[PDB]
């Protein structure tokens, strides 16, 4: 039976710790993949961590140069949530340096992009079998979510981008059924930039919060039907969501140009005209993490907010973050539960090592008591090498 995706998001008060894989700490001795761009996605039965390996293990010479984003050796793999990603516990999914994945209630859909920068191809698989292919249409690093796609009523949804990372690019939404593209639409979004979208279902409608790598310190959003009829904007809150960014100030419901170049993958959950914003604590680097409840932040431009929950201290490295959801058919609830993960990047460029890898933590939205703290990576660098 297919995930309905017809229920609204659960009301929540805060975020309870869900997982921590301690991957880098464990990899000091154990056989743990060098990875980055991890994400969590759930079915009607289980929750899995997906990740892009570098086809190499921590503390081994083949970890050399793994700051590098794209290679033929990068693979999408998955393991049960909270476990350190190892060749002994991980399922192979796809050859990929950019990925997405989601379960429709029947099978896993995985999307894996590999190939050359000027002609990359997204390979779609449904239950591990190739069901479709999407080829680069702008010949400039075809690239997708690095988090879970969204499913409603037997149809699953993703966003891909193609073109410059430093200017106007091309943005497409894709609708797939049983791993096959049945509809796509190019966004008519001049002056906007979409990348690395974190997309979730809410009462039959999909909302994505993305990365403006071009000229935005706030995050752009797209929301759409099951017919791909869409609306676009930027989160108006002056509690700026990207990294880097300016100090909190007067928002825009377009791109905030100070410190708008570059970015980091992130997410936010829309609650009416309010927003839950996950962001780094640093304005400059991928350091720290916090959840902020801003009850008029989706549409209003002020920097005032109601509630900050600490997740990672400023003195500790963070990285990418993304939404994931737990559906009624898994939880038994009457609503869709919002959750999030944070990637905890260690190594290059910030630290003197030959390698780059990430750990993960995750949290679920809860309508009971919670607490702020710091759950950092905890590895001691550098390694034996």
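Residue numbers count along the first chain shown, from 1.
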item	value
93 to 101 versus 229 to 237 - greater average Cα B-factor per the deposited record	229 to 237
51 to 59 set against 345 to 353, stretch whose average Cα temperature factor tops the other in the entry	345 to 353
Member of 133, 287, 268, 147 with the greatest C-alpha B factor (per the PDB record)	133
Options 264, 152, 210, 142 - largest CA temperature factor per the record	152
For residue 36, the third of its chain into which the C-alpha B factor falls	lowest
Residue 214 - which third its CA temperature factor falls in, relative to the rest of the chain	middle
Chain thirds of CA B-factor: placement of residue 367	highest
Within-chain third of residue 281 by Cα B-factor, per the entry	middle
Entry-reported Cα temperature factor of residue 78, expressed as the chain third it lands in	lowest
